[PDB]
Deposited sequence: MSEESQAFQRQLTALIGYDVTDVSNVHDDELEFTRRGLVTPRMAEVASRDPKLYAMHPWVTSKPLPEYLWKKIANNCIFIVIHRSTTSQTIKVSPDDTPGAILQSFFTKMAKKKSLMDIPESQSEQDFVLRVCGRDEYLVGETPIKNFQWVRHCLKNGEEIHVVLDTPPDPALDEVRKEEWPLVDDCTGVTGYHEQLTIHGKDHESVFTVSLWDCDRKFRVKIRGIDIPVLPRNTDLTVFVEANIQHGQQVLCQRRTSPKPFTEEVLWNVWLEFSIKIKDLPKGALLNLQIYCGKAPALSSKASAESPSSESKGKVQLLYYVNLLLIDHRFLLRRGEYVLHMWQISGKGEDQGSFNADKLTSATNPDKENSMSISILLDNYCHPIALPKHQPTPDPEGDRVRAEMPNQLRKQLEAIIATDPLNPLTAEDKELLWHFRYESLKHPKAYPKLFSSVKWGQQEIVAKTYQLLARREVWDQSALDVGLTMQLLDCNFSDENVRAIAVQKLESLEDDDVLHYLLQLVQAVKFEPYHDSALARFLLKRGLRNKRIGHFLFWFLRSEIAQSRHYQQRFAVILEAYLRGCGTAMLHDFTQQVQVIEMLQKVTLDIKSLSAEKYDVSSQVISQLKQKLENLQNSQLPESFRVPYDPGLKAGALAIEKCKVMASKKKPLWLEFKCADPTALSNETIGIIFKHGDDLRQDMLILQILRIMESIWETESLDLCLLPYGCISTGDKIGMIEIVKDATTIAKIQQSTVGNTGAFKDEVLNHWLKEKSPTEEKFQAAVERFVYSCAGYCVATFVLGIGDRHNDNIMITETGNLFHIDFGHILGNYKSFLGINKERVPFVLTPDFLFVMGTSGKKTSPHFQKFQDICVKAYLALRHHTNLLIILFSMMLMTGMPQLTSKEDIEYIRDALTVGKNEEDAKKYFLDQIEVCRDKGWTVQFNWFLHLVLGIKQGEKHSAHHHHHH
């Protein structure tokens, strides 16, 4: 390759945080084949993208303006303040005007044609043919009662986006030779055997074991394990799952490779251990640590290529049984009797898209004759292709329960029709979904590829999402690094530049973030000594190695300029994270405000990303129902290991320490303090009324959203409010109360203990409207939740843990019983009062 082609690839590694040209931990060519395989899709999308539109990345939507946002326009007239930067002239606009119509009517109303609008202070353009009402930045202003300011400047040069050119009927069997391990320290010497499973989609097809023996650094068996399943009956994407019990270690080997060739030869596999189910147990990856990790030596010998090739109406009562089956929630288990009905009737089942996950779970994947039929069945997809895209339904086909490439591919087919507004909504969960893919190159992996390359805002978050995992998952980091590399070769030198800047800042500051944790420990107090250094270090960073500006990873519209070293401070949290503030690099930025970002170590910010994302989902669901719950899913991006950044919400304080308004160094509580905090924080009386109004919506929001996610019981310390009346939860790492509805909250709604008011009626009433809107999405919520547990939490009950949300969403009831159920929850919160809050700190010491 060229000498530069290598200076290039090292650049790629520093951005990735992993070296994908490194072949030390692979027993095959799957990953390199996948690098090569992705070259076409990469090149295809770069080739098909309009350079101009790709350069300006307009953020748009096809959805109708919600009703709550139409009213906020009581004229059919929108006002745009256009600033050429000396005199700015406002304009009265129709909701249907394209950018071009206003750029046209802006030169008319001034009593060469290639000038564009910009959102003052952000890298957001209003451009392309879309009605201004369909632009996100605009809907964002209307929701917040905010003026639309646009400075007029020149379109960005697409040259900057330039991309560098490129360059048998036998029963299956496996011999288990034995297991070598460098050291075994534990306490009680025990017996150790090996459990071999044939797996397809978390379904175990066949299982065998070895004779247990004394546990030693090396154990030899030299045993052939003969399975029942015949070689031809092995489905593509079938795993050999090898586990050691006494369950200590596990490792996986794909039985059919990326060429559809059956696996043969000798294998020494380095395994994963366990801490005293979960998506990591699925990985075709081997433990990179060859020094400290159990290994297994096995043998495969068998024959070549197994490949893939190309009237009765139900009595009513059976059709009624079938229909009862399809209706059940995603978590509801299928009997043998259930599956046989679903199967025998496959042709009927095909007319019901909501039945596909159950129907495909009714397949014997261990039988080539049956799989073949399944494909014949898939061949006539008419009903599936024409159906309305159901995201929750599509998402079910991408989980750990489906290992078939054709099954998963149809789900991806249906995603193809998602426009960027919605891909952004689901990007994080789809990327996590990559983990359930049997092979590194996948239809889904390629769709994330195209979508990121086609759009910079998608590309931006794709990048960070992938880098999050690559840094923190030895399990999935190899496959992700290949996908990230694929992306980076297509995104343009412009973004390639941004990422590097972003990356430099993040390392530099993650460095500081840890060094400050190490010196100081939990008083929890902040040494004047610690503080002076925190300034010492940061100041050197500002001068010595500064990337003069950078994109804010959770808000890529915004470029942070230089730090304000004076407003920076260590946090008194328990982990001692940094509280940082930057100047905005955009001088045309309208406000004088800095950009606060909190850098922290010791939380898994990955669970927090996932949680914040589901919140952004509940919002979009309500938007479709014309609801606004005034949530505040602040930006949070995971980066390291127990490390990442978080967006500072301006003017927010903790509800706790609003309690501390009068005293604060013990506990207890007092009603009306909060409403007192509000009058005090409102400039006018009209703004105080608005604050009480906002707090009612935002409180109703976190009440419903939190209850469903089963995170509803939180310390006052984790709840925050703005000086503007907006309430929001934080720190989502991980008797009871359904949620937090306290007398201090209630007091602000105008009631103190049992009684009722005009605002308090407004609250209950919203929750119920909000609550029932979610229930319409239960399956969507259930799948998202379950996937979040598998990919995002530690080892879970992929039975019990998932269920909370089933009971929570009142699956199976009618909207009537439900409305009551939730209202009772409010009563339950009125009955605890301060009892729940009061208990934290009891065990503190």
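Numbered from the first deposited residue, the unresolved ranges run 112-124, 181-214, 294-317, 348-354, 389-401, 826-838, 950-966.
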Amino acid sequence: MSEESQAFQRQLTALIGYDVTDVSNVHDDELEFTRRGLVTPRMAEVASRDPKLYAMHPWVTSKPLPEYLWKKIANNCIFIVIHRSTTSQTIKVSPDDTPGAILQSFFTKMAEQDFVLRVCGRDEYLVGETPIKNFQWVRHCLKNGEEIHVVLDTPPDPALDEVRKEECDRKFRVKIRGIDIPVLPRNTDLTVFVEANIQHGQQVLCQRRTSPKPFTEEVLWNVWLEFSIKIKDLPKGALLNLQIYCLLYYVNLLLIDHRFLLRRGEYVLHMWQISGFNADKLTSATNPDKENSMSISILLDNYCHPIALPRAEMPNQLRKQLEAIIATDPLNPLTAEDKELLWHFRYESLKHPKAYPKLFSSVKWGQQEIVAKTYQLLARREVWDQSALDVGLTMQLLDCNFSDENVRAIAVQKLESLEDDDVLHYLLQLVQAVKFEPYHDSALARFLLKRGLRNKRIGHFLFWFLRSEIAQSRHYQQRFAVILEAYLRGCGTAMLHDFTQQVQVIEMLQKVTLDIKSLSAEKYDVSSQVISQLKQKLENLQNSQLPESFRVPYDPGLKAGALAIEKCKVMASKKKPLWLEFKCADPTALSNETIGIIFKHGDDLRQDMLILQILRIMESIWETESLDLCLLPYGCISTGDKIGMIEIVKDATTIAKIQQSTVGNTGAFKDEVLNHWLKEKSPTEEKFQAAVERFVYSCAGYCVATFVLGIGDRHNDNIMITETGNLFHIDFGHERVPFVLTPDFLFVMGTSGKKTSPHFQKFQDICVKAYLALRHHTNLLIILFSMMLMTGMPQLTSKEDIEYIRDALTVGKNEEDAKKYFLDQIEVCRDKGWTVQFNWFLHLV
From here on, numbers count along this sequence of modelled residues.
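Take the two forms, superpose them, and find the largest set of C-alpha atoms that agree within 1.5 Å; that set is the rigid core.
Taking the root mean square of CA deviations in 8 other deposited structures of this protein after fitting on the rigid core, 637-645 and 455-463 differ, and the farther of the two is 637-645. Between 208-216 and 562-570, greater CA displacement relative to the shown form is found for 208-216 when the structures in 8 other deposited structures of this protein are fitted on the core. Residue-level annotation: residue 174 has coordinates in all of the other entries compared, counting only those that model residues on either side of it, so it never reaches the one-third mark. Where the other entries of this protein model the residues before and after it, residue 112 is dropped from at least a third of them.
Taking the PDB entry as given, 300-308 carries the higher mean Cα B factor of the two stretches 300-308 and 457-465. Taking the mean C-alpha B-factor of each stretch as recorded, 113-121 and 191-199 are not equal, and the higher mean is that of 113-121. Within the listed group 776, 799, 42, 36, the record reports its top CA B-factor for 799. Highest C-alpha temperature factor among 405, 348, 608, 686 per the entry: 686. Residue 27: CA B factor lies in the middle third for its chain, per the PDB record.
Sort the chain's modelled residues by C-alpha temperature factor and residue 267 lands in the middle third, per the entry.
Among the modelled residues of the chain, residue 384 sits in the middle third by CA temperature factor in this PDB entry. When the modelled residues of the chain are ordered by C-alpha B-factor, residue 551 sits in the lowest third. Per the PDB record, residue ranking by Cα B-factor puts residue 70 in the highest third of the chain.
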